[PDB]
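Heads up, what comes next is one protein chain in two forms, each shown on its own as structure tokens, labelled structure 1 and structure 2.
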Structure 1
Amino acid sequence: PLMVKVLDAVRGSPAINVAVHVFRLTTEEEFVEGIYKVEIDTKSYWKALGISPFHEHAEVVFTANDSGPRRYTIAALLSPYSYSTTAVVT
């Protein structure tokens, strides 16, 4: 008799982020990966190269210059607000 009651009665004015889950090489099975996922300026360079990517003779030069003027200005991230003044000014 599984019973999940979430947020039954809401008279007011809220700001909500609900997530209700009810259950009864690289291999992934039977999962929930990302629901509210925020990835900002994420980088992956060499992921899951194949079987024997450099088998016998390899002269590999891996230079990774992460070098830049960047400006991430997020006034409210994954954050609800009922009554508020959210501002980014310059």
Structure 2
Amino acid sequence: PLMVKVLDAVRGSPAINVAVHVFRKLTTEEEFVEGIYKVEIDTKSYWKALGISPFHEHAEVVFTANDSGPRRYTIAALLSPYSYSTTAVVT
């Protein structure tokens, strides 16, 4: 016998975030789960898994990468509930 119980009775006005998981029993992947409440903001990638036999004989390659510039990011509340409160962003 397997039982799980959460939050039987509630009187009032809360804020909640619930998650429940139960498990009973060149690249390979099997039987996985990814991304329950997942956040990604800025991510970069250049070269990945070109192939079996690239650039075998007598190759000449030049590789250069530049990253610059004016950028801004602004966030007030992230992944956090609130009740009976005040939030403001003023510029």
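Residue numbering: structure 1 sequence, from 1. Between two forms, the rigid core is defined as the largest C-alpha subset superposing within 1.5 Å.
Relative to the superposed core, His57 shifts its CA atom by 2 Å or more between structure 1 and structure 2. For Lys37, the Cα coordinates differ by under 2 angstroms between structure 1 and structure 2 after the core has been superposed.
For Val18, the Cα deviation between structure 1 and structure 2 after core superposition amounts to 0.4 Å. Fit the two forms on the rigid core and the C-alpha of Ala48 turns out 3.6 Å off between structure 1 and structure 2. The shift recorded for the CA atom of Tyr72 between structure 1 and structure 2 is 1.6 Å, with superposition on the rigid core.
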